[PDB]
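Residue numbering begins at 1 within each chain, and the chains themselves are lettered A, B, C, D and E in the order written.
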């Protein structure tokens, strides 16, 4: 189709086949940033003429992995505290306001926090 | 004052014949930089996307404490320069 | 009126003078007092007057095919300035 | 002397307490050092640890004054105010600089509302298109001018290599005064889309890539085919066209025995109602700085909200510090300052000159009259430009040795520069002639100008738009950020853009294109470099080689120019779409 | 210590007549050692061409007026001579020295992007 391989989208429209070497990542088909060069166009070069594409470095896309984590829910509070879940080996500690009726991701980790009283609306 | 110190400096002739310098007060010192090349100032490297260049004066920025020093030095090197009035 | 009906080969005139001094006054007096007569005789001819501090007076005559002949009028008399315009043709 | 809440362009505040000796509000040592440390810790008590992910990182006033005047040891939800300002109020230090600008200068959703990003000293308010893309130490700073409006506001262009990152205002107390419009700063992303990078040759209903040697040869085979006679060679100049290219195109058509040169405007009267014969007839003779000392200003067929937003803020500033009264004639509009509306035509303007407005203007120490750029495109331009001129000449205060009270306000930068080099035909005999060879020097306002079906049309420009579609051969040009060009604003000041980046693809400098085309068409111009090109500029107007200098018109000569002159719709239908660079902007589409 | 072979002590000459004689003496030394340059550096040109190249470099600075520039030019010309005779320069540098050398029109440069 060449459209899911060369365009940046929020979510993939089809199932990622990890044996397809034209995908941007083994778990994601389309690029996850507007300036990111599509992997299909990158490998269409003179330097890839006689190389094995399967052995080239293909890390999994972080955008697909971070959103499979469940939304954290806070009980009896309006502020979520995150410090990378590692302390001195995590990220700087930040406080996340939960006033709105939505899941607000962490500025470093990407973990999406929410209030438990807003659980049903967000799951919808 | 009027000595052609460019004859014994060792710099190539293009600084005198082709390149043009700018004298400006950017907010307490006077600086001298060179106008970019029309072509060859930058071009994307096809391998890793690095910013290539053939301008060897691109990163050179002289500093002066007075406006008189900047003009006197530029004349002493025979440089083609224009003063950007503050 | 007079000889101020410029020929068709004459396409543009530009007058240069200064806001101050004493050399531009003869051209300043010439153009200020005579402009309506020239524009009346040459309704479509573009008469351009441009000033700059300290430049000497002159007239530029843009003839056919982009040809330009510039006459310097540094300190000339108003009567001779009128003669000079008559001699542009 | 550290500060967070002090800025002389705004009102005085004492809610930051960093200027203790509050010296900002107060008119005219270890305790002070201890005091500065104590105040600094209070701001950092609640501040979030966001510096790595915060756009103010290398240019943060809170960081620098924590380092300089503090010790080294020690949750508010966000809001939405538009797609242009990214708000993270956790970082706000509660300094009220946003409130003073949004209510006193802006008058607000505004054309100046994006300037609050500059005033916010911390990362509470940051540019949204610029978010996460660059650090201030990566950027090369280039001092140039704006061409999105006729003001010529002095902007600072920050480039990271080839790319242009952001546009920031730079100080100039004569034109813009530290402010730029949202168009002036958020249209830079149009320079990366729809760009003309390759010569394109039209073969049927398609365009194909071409070399410069061919694209300048197809024109020659196109110029020798249609064979335009004397006044059948039509050359058109658009809004964003530099002066070095207007003069080159003017001389090229002349060497082909032609004078049919014009702009992209739709002025019905072929000689513009102001006339290009005298400079004083079409410039801001009072100069932008002297708008401060205004007593009575007459706005004639102009909308400063859209025609020139930065200058519009100057009017509001005087309206607050004094008792200025501004009388406006024409179509009504929402205004940031009080206006006494008179009428929507020229009958009211003449009647206003016979009413209380004329009496105030007669006895005003420094009167002002402002005529819009769209007035010349309206039918009653002859009526206005004679009604006002007769009023100007009949009275004394309007034209004095110390004060000149007539000003024409344009909207497109290339206008005044074209007029000074005499790039406007002064005859309807030349203008009405049919065209066979058409050269669109960056002109895209052709929805109203005739284009014959058999005419050979060449588009030279830096963007692909409607004007490029009509072309038979497309020549790529360089945008203003890429060329060392010359622009003259509405007040007659010569300002030169400084080249920050190279043009993209195989695009060339705009005037070098015309000179090269001359050698192919037997009209070889004598120009060989920019210095020789700029020497020619002094041969068309002596003042053009005087950068940043206004050459005031002599009082005596300007009087004759005023004398010889003897529905006002707003010209702009959409603010976000004025020039080609704004149309390609994705950010401006979000504003729409 | 002792100076290397063909070394001259640096002196600031204050007399244009005395400077002129020193330049002419050095010019003769370049001509005399021209056959040596062809031998040591294995050049592909006759010594006659080498002497012609020497004269061109001396003719470039023929009309230098300022005395302070003459001394620096003379001092640098002596250093180069001591470099060539003692075979300190590598043969590649001397070969490229003789590798040195119609300008295109406006359109020709315009087509290729100019300079």
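The working rule: a residue touches a chain if its C-beta (ideal position, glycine included) is under 8 Å from a C-beta of that chain, and two chains touch if they have at least 3 such contacts.
In UniProt terms the chains read D = NADH-ubiquinone oxidoreductase 78 kDa subunit, mitochondrial; E = BA75_04796T0.
Compare the CA centroid of chain D with every other chain's and tell me the farthest one.
Result for max centroid distance from chain D is chain E.
Ranking chain pairs by how many C-beta pairs touch, which one is first?
Ranked by contacting C-beta pairs, first place goes to C-D.
List the centre-to-centre spacing of chain A and chain E (BA75_04796T0) in whole Å, with centres computed as mean CA coordinates.
Chain centroid spacing, chain A to chain E (BA75_04796T0), equals 66 Å.
Measuring from the mean C-alpha position of chain A to the mean C-alpha position of chain B, what distance in angstrom results?
Here chain A and chain B have centroids separated by 46 Å.
Starting from the mean Cα coordinates of chain B and chain C, work out the distance between those two points in Å.
Distance between chain centres: 43 Å.
Could you state the distance in Å from the CA-based centre of chain A to that of chain C?
So the centroids are 74 Å from each other.
Residue numbers in chain E (BA75_04796T0) touching 2 or more other chains?
113-114
Give the residues of chain B touching no fewer than two other chains, as numbers and ranges.
Each of 38-39 in chain B touches at least two other chains.
I'd like to see which chains touch which, written out pair by pair.
Pairs flagged as touching, ordered by label: A-D, B-D, B-E, C-D, D-E.
Looking at the complex, which residues from chain E (BA75_04796T0) come into contact with chain D?
106-107, 110-111, 113-114
Which stretch or stretches of chain D touch chain A in the complex?
48-50, 52-53, 75-78, 90
Quick check: in the complex, which residue numbers of chain A touch chain D?
Touch list, chain A to chain D: 78-79, 92-97, 99-100, 107-108.
Show me the residue ranges of chain B that touch chain E (BA75_04796T0) in the complex, using the header's touch definition.
Listed in rising order, the residues are 2-5, 7-8, 18, 38-39.
Across the complex, what residues on chain C touch chain D?
Contact set of chain C toward chain D: 11-12, 14, 16-17, 19, 28, 31-32, 35-36, 39, 44-53, 55, 60, 62, 64-66, 68, 70.
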